[PDB]
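Source file: start_11.pdb (PDB, N, CA and C atoms)
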ATOM      1  N   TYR A 129      13.408  -9.416  14.264
ATOM      2  CA  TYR A 129      14.046  -9.533  12.919
ATOM      3  C   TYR A 129      14.384 -11.026  12.614
ATOM      4  N   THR A 130      15.562 -11.513  13.039
ATOM      5  CA  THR A 130      15.988 -12.922  12.838
ATOM      6  C   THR A 130      16.141 -13.563  14.262
ATOM      7  N   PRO A 131      15.110 -14.237  14.865
ATOM      8  CA  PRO A 131      15.323 -15.170  16.016
ATOM      9  C   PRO A 131      16.076 -16.481  15.575
ATOM     10  N   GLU A 132      15.988 -17.625  16.288
ATOM     11  CA  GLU A 132      16.438 -18.911  15.650
ATOM     12  C   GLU A 132      15.408 -20.083  15.562
ATOM     13  N   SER A 133      14.482 -20.242  16.516
ATOM     14  CA  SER A 133      13.606 -21.457  16.541
ATOM     15  C   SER A 133      12.166 -21.148  16.076
ATOM     16  N   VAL A 134      11.564 -20.026  16.522
ATOM     17  CA  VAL A 134      10.403 -19.407  15.820
ATOM     18  C   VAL A 134      10.664 -19.073  14.308
ATOM     19  N   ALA A 135      11.876 -18.667  13.855
ATOM     20  CA  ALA A 135      12.167 -18.520  12.403
ATOM     21  C   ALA A 135      12.204 -19.865  11.616
ATOM     22  N   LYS A 136      12.941 -20.909  12.076
ATOM     23  CA  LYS A 136      12.827 -22.273  11.461
ATOM     24  C   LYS A 136      11.395 -22.917  11.537
ATOM     25  N   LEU A 137      10.715 -22.871  12.703
ATOM     26  CA  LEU A 137       9.254 -23.151  12.806
ATOM     27  C   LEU A 137       8.372 -22.355  11.790
ATOM     28  N   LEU A 138       8.357 -21.014  11.796
ATOM     29  CA  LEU A 138       7.517 -20.193  10.884
ATOM     30  C   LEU A 138       7.700 -20.426   9.357
ATOM     31  N   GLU A 139       8.950 -20.459   8.851
ATOM     32  CA  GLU A 139       9.234 -20.989   7.488
ATOM     33  C   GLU A 139       8.774 -22.454   7.218
ATOM     34  N   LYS A 140       8.772 -23.344   8.234
ATOM     35  CA  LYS A 140       8.080 -24.664   8.141
ATOM     36  C   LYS A 140       6.504 -24.617   8.179
ATOM     37  N   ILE A 141       5.875 -23.742   8.997
ATOM     38  CA  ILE A 141       4.391 -23.516   9.024
ATOM     39  C   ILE A 141       3.840 -22.956   7.666
ATOM     40  N   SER A 142       4.356 -21.808   7.177
ATOM     41  CA  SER A 142       3.947 -21.250   5.858
ATOM     42  C   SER A 142       4.607 -21.971   4.641
ATOM     43  N   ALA A 143       5.957 -21.976   4.511
ATOM     44  CA  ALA A 143       6.676 -22.730   3.435
ATOM     45  C   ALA A 143       6.272 -22.417   1.949
ATOM     46  N   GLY A 144       6.378 -21.140   1.542
ATOM     47  CA  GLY A 144       5.983 -20.701   0.178
ATOM     48  C   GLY A 144       5.349 -19.299   0.154
ATOM     49  N   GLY A 145       4.023 -19.242  -0.036
ATOM     50  CA  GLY A 145       3.297 -17.963  -0.283
ATOM     51  C   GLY A 145       3.166 -17.519  -1.760
ATOM     52  N   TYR A 146       2.823 -18.438  -2.681
ATOM     53  CA  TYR A 146       2.703 -18.125  -4.137
ATOM     54  C   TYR A 146       1.433 -17.337  -4.606
ATOM     55  N   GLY A 147       0.288 -17.423  -3.894
ATOM     56  CA  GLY A 147      -0.806 -16.416  -4.023
ATOM     57  C   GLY A 147      -0.370 -14.948  -3.779
ATOM     58  N   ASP A 148      -1.193 -13.940  -4.059
ATOM     59  CA  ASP A 148      -0.899 -12.930  -5.132
ATOM     60  C   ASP A 148       0.600 -12.623  -5.510
ATOM     61  N   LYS A 149       0.972 -12.781  -6.804
ATOM     62  CA  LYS A 149       2.386 -12.624  -7.274
ATOM     63  C   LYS A 149       3.139 -11.293  -6.895
ATOM     64  N   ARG A 150       2.396 -10.184  -6.738
ATOM     65  CA  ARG A 150       2.867  -8.970  -6.035
ATOM     66  C   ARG A 150       1.765  -8.531  -5.014
ATOM     67  N   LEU A 151       2.206  -8.236  -3.785
ATOM     68  CA  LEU A 151       1.368  -7.644  -2.707
ATOM     69  C   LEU A 151       1.203  -6.096  -2.883
ATOM     70  N   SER A 152       0.004  -5.560  -2.555
ATOM     71  CA  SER A 152      -0.387  -4.130  -2.800
ATOM     72  C   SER A 152       0.674  -3.015  -2.473
ATOM     73  N   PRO A 153       0.680  -1.779  -3.063
ATOM     74  CA  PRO A 153       1.826  -0.823  -2.929
ATOM     75  C   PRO A 153       2.271  -0.469  -1.479
ATOM     76  N   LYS A 154       1.339   0.073  -0.683
ATOM     77  CA  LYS A 154       1.532   0.297   0.768
ATOM     78  C   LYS A 154       1.753  -1.008   1.620
ATOM     79  N   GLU A 155       1.080  -2.159   1.339
ATOM     80  CA  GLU A 155       1.507  -3.511   1.834
ATOM     81  C   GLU A 155       3.016  -3.840   1.579
ATOM     82  N   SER A 156       3.485  -3.812   0.317
ATOM     83  CA  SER A 156       4.924  -3.928  -0.031
ATOM     84  C   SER A 156       5.892  -2.895   0.622
ATOM     85  N   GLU A 157       5.577  -1.583   0.706
ATOM     86  CA  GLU A 157       6.384  -0.592   1.488
ATOM     87  C   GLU A 157       6.510  -0.912   3.018
ATOM     88  N   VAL A 158       5.368  -1.057   3.730
ATOM     89  CA  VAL A 158       5.348  -1.478   5.166
ATOM     90  C   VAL A 158       6.106  -2.826   5.453
ATOM     91  N   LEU A 159       5.917  -3.860   4.605
ATOM     92  CA  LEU A 159       6.720  -5.107   4.628
ATOM     93  C   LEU A 159       8.208  -4.943   4.248
ATOM     94  N   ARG A 160       8.571  -4.189   3.196
ATOM     95  CA  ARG A 160       9.989  -3.879   2.865
ATOM     96  C   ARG A 160      10.845  -3.285   4.013
ATOM     97  N   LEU A 161      10.296  -2.314   4.749
ATOM     98  CA  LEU A 161      10.943  -1.768   5.963
ATOM     99  C   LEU A 161      10.924  -2.736   7.191
ATOM    100  N   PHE A 162       9.793  -3.396   7.496
ATOM    101  CA  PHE A 162       9.750  -4.542   8.454
ATOM    102  C   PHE A 162      10.783  -5.696   8.177
ATOM    103  N   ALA A 163      10.837  -6.178   6.926
ATOM    104  CA  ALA A 163      11.926  -7.024   6.376
ATOM    105  C   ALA A 163      13.376  -6.439   6.344
ATOM    106  N   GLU A 164      13.568  -5.125   6.097
ATOM    107  CA  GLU A 164      14.867  -4.427   6.327
ATOM    108  C   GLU A 164      15.370  -4.391   7.808
ATOM    109  N   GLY A 165      14.462  -4.215   8.775
ATOM    110  CA  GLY A 165      14.824  -3.936  10.183
ATOM    111  C   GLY A 165      13.851  -3.005  10.920
ATOM    112  N   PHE A 166      13.383  -1.902  10.304
ATOM    113  CA  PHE A 166      12.556  -0.884  10.994
ATOM    114  C   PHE A 166      11.220  -1.496  11.536
ATOM    115  N   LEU A 167      10.814  -1.014  12.696
ATOM    116  CA  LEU A 167       9.624  -1.475  13.447
ATOM    117  C   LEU A 167       8.414  -0.545  13.162
ATOM    118  N   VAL A 168       7.166  -1.009  13.350
ATOM    119  CA  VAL A 168       5.922  -0.174  13.147
ATOM    120  C   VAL A 168       5.986   1.343  13.576
ATOM    121  N   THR A 169       6.525   1.629  14.767
ATOM    122  CA  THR A 169       6.931   2.998  15.208
ATOM    123  C   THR A 169       7.871   3.793  14.218
ATOM    124  N   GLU A 170       9.069   3.254  13.916
ATOM    125  CA  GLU A 170       9.999   3.842  12.907
ATOM    126  C   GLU A 170       9.514   3.798  11.425
ATOM    127  N   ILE A 171       8.906   2.696  10.943
ATOM    128  CA  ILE A 171       8.182   2.635   9.627
ATOM    129  C   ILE A 171       7.133   3.794   9.454
ATOM    130  N   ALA A 172       6.247   4.029  10.444
ATOM    131  CA  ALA A 172       5.361   5.219  10.476
ATOM    132  C   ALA A 172       6.072   6.612  10.433
ATOM    133  N   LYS A 173       7.054   6.873  11.319
ATOM    134  CA  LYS A 173       7.927   8.085  11.233
ATOM    135  C   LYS A 173       8.721   8.294   9.892
ATOM    136  N   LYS A 174       9.385   7.252   9.363
ATOM    137  CA  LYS A 174       9.976   7.232   7.991
ATOM    138  C   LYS A 174       8.971   7.485   6.821
ATOM    139  N   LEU A 175       7.878   6.711   6.709
ATOM    140  CA  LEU A 175       6.780   7.010   5.740
ATOM    141  C   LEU A 175       5.925   8.315   6.014
ATOM    142  N   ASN A 176       6.182   9.053   7.119
ATOM    143  CA  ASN A 176       5.560  10.359   7.474
ATOM    144  C   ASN A 176       4.050  10.242   7.856
ATOM    145  N   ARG A 177       3.778   9.435   8.900
ATOM    146  CA  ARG A 177       2.403   9.086   9.335
ATOM    147  C   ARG A 177       2.363   8.574  10.818
ATOM    148  N   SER A 178       1.154   8.303  11.345
ATOM    149  CA  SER A 178       0.982   7.687  12.687
ATOM    150  C   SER A 178       1.138   6.130  12.681
ATOM    151  N   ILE A 179       1.537   5.566  13.837
ATOM    152  CA  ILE A 179       1.481   4.086  14.097
ATOM    153  C   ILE A 179       0.065   3.413  13.904
ATOM    154  N   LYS A 180      -1.070   4.127  14.057
ATOM    155  CA  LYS A 180      -2.421   3.611  13.691
ATOM    156  C   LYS A 180      -2.636   3.206  12.192
ATOM    157  N   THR A 181      -2.433   4.125  11.222
ATOM    158  CA  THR A 181      -2.507   3.788   9.762
ATOM    159  C   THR A 181      -1.458   2.736   9.269
ATOM    160  N   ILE A 182      -0.231   2.765   9.822
ATOM    161  CA  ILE A 182       0.723   1.613   9.747
ATOM    162  C   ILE A 182       0.180   0.268  10.303
ATOM    163  N   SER A 183      -0.424   0.272  11.506
ATOM    164  CA  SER A 183      -0.979  -0.949  12.119
ATOM    165  C   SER A 183      -2.182  -1.539  11.322
ATOM    166  N   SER A 184      -3.211  -0.738  10.970
ATOM    167  CA  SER A 184      -4.197  -1.106   9.911
ATOM    168  C   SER A 184      -3.601  -1.638   8.557
ATOM    169  N   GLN A 185      -2.559  -0.997   7.991
ATOM    170  CA  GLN A 185      -1.849  -1.504   6.785
ATOM    171  C   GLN A 185      -1.042  -2.840   6.939
ATOM    172  N   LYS A 186      -0.218  -2.992   7.994
ATOM    173  CA  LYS A 186       0.398  -4.298   8.365
ATOM    174  C   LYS A 186      -0.627  -5.425   8.734
ATOM    175  N   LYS A 187      -1.729  -5.127   9.454
ATOM    176  CA  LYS A 187      -2.872  -6.062   9.658
ATOM    177  C   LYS A 187      -3.679  -6.406   8.360
ATOM    178  N   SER A 188      -3.916  -5.459   7.428
ATOM    179  CA  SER A 188      -4.336  -5.772   6.026
ATOM    180  C   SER A 188      -3.384  -6.728   5.233
ATOM    181  N   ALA A 189      -2.051  -6.519   5.245
ATOM    182  CA  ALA A 189      -1.082  -7.531   4.737
ATOM    183  C   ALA A 189      -1.043  -8.880   5.538
ATOM    184  N   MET A 190      -0.941  -8.866   6.884
ATOM    185  CA  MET A 190      -1.102 -10.080   7.747
ATOM    186  C   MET A 190      -2.381 -10.956   7.488
ATOM    187  N   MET A 191      -3.573 -10.336   7.508
ATOM    188  CA  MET A 191      -4.861 -10.996   7.169
ATOM    189  C   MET A 191      -5.036 -11.400   5.664
ATOM    190  N   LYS A 192      -4.650 -10.577   4.658
ATOM    191  CA  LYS A 192      -4.626 -11.028   3.230
ATOM    192  C   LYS A 192      -3.652 -12.216   2.926
ATOM    193  N   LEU A 193      -2.410 -12.191   3.437
ATOM    194  CA  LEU A 193      -1.451 -13.317   3.280
ATOM    195  C   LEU A 193      -1.775 -14.597   4.130
ATOM    196  N   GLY A 194      -2.434 -14.460   5.297
ATOM    197  CA  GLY A 194      -2.823 -15.607   6.159
ATOM    198  C   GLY A 194      -1.778 -16.017   7.212
ATOM    199  N   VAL A 195      -1.328 -15.059   8.035
ATOM    200  CA  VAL A 195      -0.270 -15.292   9.061
ATOM    201  C   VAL A 195      -0.778 -14.825  10.471
ATOM    202  N   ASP A 196      -0.231 -15.389  11.566
ATOM    203  CA  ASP A 196      -0.593 -14.954  12.954
ATOM    204  C   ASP A 196       0.633 -14.545  13.834
ATOM    205  N   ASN A 197       1.496 -13.652  13.305
ATOM    206  CA  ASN A 197       2.725 -13.145  13.978
ATOM    207  C   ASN A 197       3.370 -12.042  13.059
ATOM    208  N   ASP A 198       3.950 -10.992  13.667
ATOM    209  CA  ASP A 198       4.882 -10.051  12.966
ATOM    210  C   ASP A 198       6.153 -10.681  12.286
ATOM    211  N   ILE A 199       6.852 -11.599  12.977
ATOM    212  CA  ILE A 199       7.974 -12.422  12.419
ATOM    213  C   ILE A 199       7.546 -13.301  11.177
ATOM    214  N   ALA A 200       6.321 -13.865  11.170
ATOM    215  CA  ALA A 200       5.744 -14.572   9.992
ATOM    216  C   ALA A 200       5.653 -13.775   8.650
ATOM    217  N   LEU A 201       5.317 -12.471   8.693
ATOM    218  CA  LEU A 201       5.547 -11.528   7.557
ATOM    219  C   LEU A 201       7.035 -11.421   7.062
ATOM    220  N   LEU A 202       7.996 -11.314   7.991
ATOM    221  CA  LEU A 202       9.458 -11.349   7.692
ATOM    222  C   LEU A 202       9.955 -12.667   7.002
ATOM    223  N   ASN A 203       9.517 -13.837   7.529
ATOM    224  CA  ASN A 203       9.591 -15.129   6.822
ATOM    225  C   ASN A 203       8.908 -15.096   5.422
ATOM    226  N   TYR A 204       7.622 -14.714   5.283
ATOM    227  CA  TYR A 204       6.960 -14.524   3.961
ATOM    228  C   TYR A 204       7.837 -13.805   2.879
ATOM    229  N   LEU A 205       8.294 -12.565   3.145
ATOM    230  CA  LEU A 205       9.179 -11.822   2.209
ATOM    231  C   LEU A 205      10.558 -12.505   1.901
ATOM    232  N   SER A 206      11.235 -13.137   2.889
ATOM    233  CA  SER A 206      12.359 -14.082   2.603
ATOM    234  C   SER A 206      11.996 -15.394   1.803
ATOM    235  N   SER A 207      10.885 -16.083   2.134
ATOM    236  CA  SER A 207      10.390 -17.315   1.446
ATOM    237  C   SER A 207      10.045 -17.147  -0.059
ATOM    238  N   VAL A 208       9.195 -16.158  -0.391
ATOM    239  CA  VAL A 208       9.021 -15.687  -1.792
ATOM    240  C   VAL A 208      10.299 -15.020  -2.420
ATOM    241  N   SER A 209      11.141 -14.338  -1.607
ATOM    242  CA  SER A 209      12.329 -13.564  -2.064
ATOM    243  C   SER A 209      11.969 -12.366  -2.995
ATOM    244  N   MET A 210      11.072 -11.486  -2.504
ATOM    245  CA  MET A 210      10.702 -10.232  -3.215
ATOM    246  C   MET A 210      11.851  -9.160  -3.248
ATOM    247  N   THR A 211      12.527  -8.940  -2.105
ATOM    248  CA  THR A 211      13.710  -8.042  -1.991
ATOM    249  C   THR A 211      15.070  -8.780  -2.263
ATOM    250  N   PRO A 212      16.138  -8.150  -2.846
ATOM    251  CA  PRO A 212      17.494  -8.777  -2.925
ATOM    252  C   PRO A 212      18.271  -9.043  -1.586
ATOM    253  N   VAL A 213      17.963  -8.323  -0.488
ATOM    254  CA  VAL A 213      18.451  -8.646   0.881
ATOM    255  C   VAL A 213      17.930 -10.033   1.400
ATOM    256  N   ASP A 214      18.824 -11.038   1.401
ATOM    257  CA  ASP A 214      18.542 -12.392   1.957
ATOM    258  C   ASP A 214      18.200 -12.511   3.482
ATOM    259  N   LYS A 215      18.632 -11.561   4.346
ATOM    260  CA  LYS A 215      18.089 -11.375   5.723
ATOM    261  C   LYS A 215      18.399 -12.573   6.647
TER     262      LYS A 215
END

Can you present the structure in this file as structure tokens?
Amino acid sequence: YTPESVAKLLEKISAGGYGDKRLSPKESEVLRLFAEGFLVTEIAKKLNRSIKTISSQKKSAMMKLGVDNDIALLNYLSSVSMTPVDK
């Protein structure tokens, strides 16, 4: 969720993310729960599905946005500020 030195590093590596102005519906749901706290296991159980279709969906958001870490997606949603939770 929130480390301290990989989080200051990752917000310095990406620093923005203004390409596509909204990310796809299931991309935004899987990222909203990852950004809230829930992990790929609990995000799949909450959305009523397996960890495989969640992992393909989080890897579709990771590869479309251009990141190489799960914490880098959490930085992305805080950097753009899509949700009102500052995190």

Between A:151, A:189, A:213, A:199, which has the minimum distance to residue 131 in chain A (counting all atoms listed in the file)?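 Of the candidates, the smallest distance to residue 131 in chain A is held by A:199.
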
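Picked by the PyMOL selection byres ((chain A and resi 145) around 7) from the coordinates shown: residues 142, 143, 144, 146, 147, 148, 204, 207 and 208 of chain A.
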
Show me the residues close to (-2.5, -0.2, 2.8) - anything with an atom within 7 Å, counting only N, CA and C atoms - and format the list as a ChimeraX atom specification. /A:152-155,184-186,188-189

Save the residues we just selected, N, CA and C atoms, as a PDB file, keeping the file's coordinate frame?
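Written out: part.pdb:
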ATOM      1  N   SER A 152       0.004  -5.560  -2.555  1.00  0.00           N
ATOM      2  CA  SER A 152      -0.387  -4.130  -2.800  1.00  0.00           C
ATOM      3  C   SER A 152       0.674  -3.015  -2.473  1.00  0.00           C
ATOM      4  N   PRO A 153       0.680  -1.779  -3.063  1.00  0.00           N
ATOM      5  CA  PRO A 153       1.826  -0.823  -2.929  1.00  0.00           C
ATOM      6  C   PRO A 153       2.271  -0.469  -1.479  1.00  0.00           C
ATOM      7  N   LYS A 154       1.339   0.073  -0.683  1.00  0.00           N
ATOM      8  CA  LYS A 154       1.532   0.297   0.768  1.00  0.00           C
ATOM      9  C   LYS A 154       1.753  -1.008   1.620  1.00  0.00           C
ATOM     10  N   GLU A 155       1.080  -2.159   1.339  1.00  0.00           N
ATOM     11  CA  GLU A 155       1.507  -3.511   1.834  1.00  0.00           C
ATOM     12  C   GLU A 155       3.016  -3.840   1.579  1.00  0.00           C
ATOM     13  N   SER A 184      -3.211  -0.738  10.970  1.00  0.00           N
ATOM     14  CA  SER A 184      -4.197  -1.106   9.911  1.00  0.00           C
ATOM     15  C   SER A 184      -3.601  -1.638   8.557  1.00  0.00           C
ATOM     16  N   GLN A 185      -2.559  -0.997   7.991  1.00  0.00           N
ATOM     17  CA  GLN A 185      -1.849  -1.504   6.785  1.00  0.00           C
ATOM     18  C   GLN A 185      -1.042  -2.840   6.939  1.00  0.00           C
ATOM     19  N   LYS A 186      -0.218  -2.992   7.994  1.00  0.00           N
ATOM     20  CA  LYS A 186       0.398  -4.298   8.365  1.00  0.00           C
ATOM     21  C   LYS A 186      -0.627  -5.425   8.734  1.00  0.00           C
ATOM     22  N   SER A 188      -3.916  -5.459   7.428  1.00  0.00           N
ATOM     23  CA  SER A 188      -4.336  -5.772   6.026  1.00  0.00           C
ATOM     24  C   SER A 188      -3.384  -6.728   5.233  1.00  0.00           C
ATOM     25  N   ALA A 189      -2.051  -6.519   5.245  1.00  0.00           N
ATOM     26  CA  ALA A 189      -1.082  -7.531   4.737  1.00  0.00           C
ATOM     27  C   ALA A 189      -1.043  -8.880   5.538  1.00  0.00           C
TER      28      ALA A 189
END

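Excluding residue 168 in chain A itself and any same-chain residue fewer than 2 positions from it, the protein and nucleic acid residues within 7 Å of it, counting only N, CA and C atoms, are residues 162, 166, 170, 171, 172, 173, 178, 179, 182 and 183 of chain A.
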
Nearest to residue 167 in chain A by atom-to-atom distance, counting only C-alpha atoms, from A:198, A:191, A:210, A:134: A:198

Neighbouring residues of residue 164 in chain A were defined as those with any atom within 10 Å, considering only C-alpha atoms; residues of the same chain fewer than 6 positions away were excluded. Please report them as a list in words.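 So, after excluding close chain neighbours, the residues are residues 129, 202, 211, 213, 214 and 215 of chain A.
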
My list of candidates is A:205, A:135, A:175, A:141. Which is closest to residue 156 in chain A when distances are computed with only C-alpha atoms?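 Checking each of A:205, A:135, A:175, A:141 against residue 156 in chain A, counting only C-alpha atoms, the winner is A:205.
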
For CA of residue 136 in chain A and CA of residue 197 in chain A, determine how far apart the two atoms are, in Å to one decimal place.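 Going from CA of residue 136 in chain A over to CA of residue 197 in chain A covers 13.8 Å.
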
What is the distance, in Å and to one decimal place, between CA of residue 130 in chain A and CA of residue 157 in chain A?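 These two atoms are separated by 19.3 Å.
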
Enter the distance from atom C of residue 169 in chain A to CA of residue 201 in chain A, in Å, rounded to one decimal.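 That distance, rounded to one decimal, is 16.9 Å.
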
Once DSSP has gone over the backbone, tell me which residues of chain A are in alpha helix (DSSP H), as a ChimeraX atom specification. /A:133-142,153-164,168-174,179-193,198-208
